[PDB]
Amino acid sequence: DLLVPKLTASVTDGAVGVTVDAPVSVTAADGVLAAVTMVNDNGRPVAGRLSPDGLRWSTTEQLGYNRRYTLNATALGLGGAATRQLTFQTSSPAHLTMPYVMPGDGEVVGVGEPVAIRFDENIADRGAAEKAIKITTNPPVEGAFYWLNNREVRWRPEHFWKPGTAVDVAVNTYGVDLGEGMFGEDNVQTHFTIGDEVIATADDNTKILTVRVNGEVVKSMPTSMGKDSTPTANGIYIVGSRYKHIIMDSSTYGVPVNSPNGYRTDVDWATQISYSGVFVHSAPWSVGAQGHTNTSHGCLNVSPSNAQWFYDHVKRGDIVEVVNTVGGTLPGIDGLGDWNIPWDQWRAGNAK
């Protein structure tokens, strides 16, 4: 009794809402695939690949949103032939959101650097976004997702990264329903490495900014932080971008320039450590106060040479800690204040 070949697809005829996050495949049993074609509505063929043993065919390029595909396959065996025709329709998004992932590919960053995925649209289903984001670490370490706002989610370990750790971030959002008819416009894939442990502590009691590289004190900077009425917040800051020079505009951070606490200052050697506008930068005008008295709007004022030193030796992801000021604590959702959120609260997340 010779068997008739059987044709099994990873879709079914008449299917709709087929998600394009995965390839479409066809399998033969009691025979081999002699012919497999898939065309879109317009008759344009889709690239596919047949396995050497002739048993498995799969698409090999991206499938498009909002499309009607037609699949034709024929299987031959000693028992005879069999042909099937399947038509199906893929997801038809109401909205598309593009993801952006920091830090940059190939980059080497500090031990406080979180994984950041920012979407250009509000994410209705955060849980679906988190699931779609595949993070790999080496050596392996536990981490968790937490949302700073409706568009950006962060991933980080309980403690600072171990130097030498590889991080791989695969944002596989294409074809994924992120909620309310919003699907990922594309995928992104970044990889980066954890460099040396650089931790700079600013103690308001001593007015000193001590830089420690892998435990070792390598630089001690007299500093002037925020004057009482505009104090520098205590807490953990993540180093962000660095500038040879930059015009600091208080309106950029919510405070009108023409205000009592406003300002517009052109400074040298500026290292940003909070979205709220905290910078380590060159403050020549206050070199007398540094190490003695706080006089700034909130920045860590240091000498020109120490500012340039900081610029040259501190990198994105390195850590600045402020302690014992008269300020409060840096908001966990500052954008660079991730570490100020307790692990239990971060691990619990906020996907809802």
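The first residue of the sequence shown is number 1, and the count goes up from there. Rigid core: the largest C-alpha set superposing within 1.5 Å between the two forms.
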Problem set entry | Between 249 to 257 and 142 to 150, the one whose CA atoms sit farther away in 6 other deposited structures of this protein (rigid core aligned) | 249 to 257
Exercise. Taking RMS over all structures and residues, which stretch has CA atoms farther from the shown form in 6 other deposited structures of this protein, 259 to 267 or 116 to 124, after a rigid core fit?
Worked result: 259 to 267
Problem set entry | Other entries lacking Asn72, at least a third | no
For this session: Report, as yes or no, whether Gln89 is left without coordinates in at least one third of the other compared entries.
Result: yes
For this session: May I ask you to compare 254 to 262 and 169 to 177 by their mean CA B factor in the entry and name the higher one?
Result: 254 to 262
Seminar exercise, completed: Between 339 to 347 and 6 to 14, the record assigns the higher mean Cα B factor to 339 to 347
Exercise. Based on the PDB record, which member of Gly77, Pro114, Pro93, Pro163 exhibits the highest Cα temperature factor?
Worked result: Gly77
Problem set entry | Most elevated Cα B-factor in the entry, residues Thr27, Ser51, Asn40, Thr59 | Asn40
Exercise. Lowest, middle or highest third: where is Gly317 by C-alpha B factor in its chain?
Worked result: lowest
Exercise. What third of the chain, by the recorded C-alpha B-factor, contains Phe88?
Worked result: lowest
For this session: Using the B-factors in the PDB entry, rank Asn234's C-alpha atom against the chain and give the third, lowest, middle or highest.
Result: middle
For this session: Could you look up the Cα B-factor of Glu152 in the entry and say which third of the chain it sits in: lowest, middle or highest?
Result: lowest
For this session: Could you tell me which third, lowest, middle or highest, the C-alpha B-factor of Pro331 occupies within its chain?
Result: middle
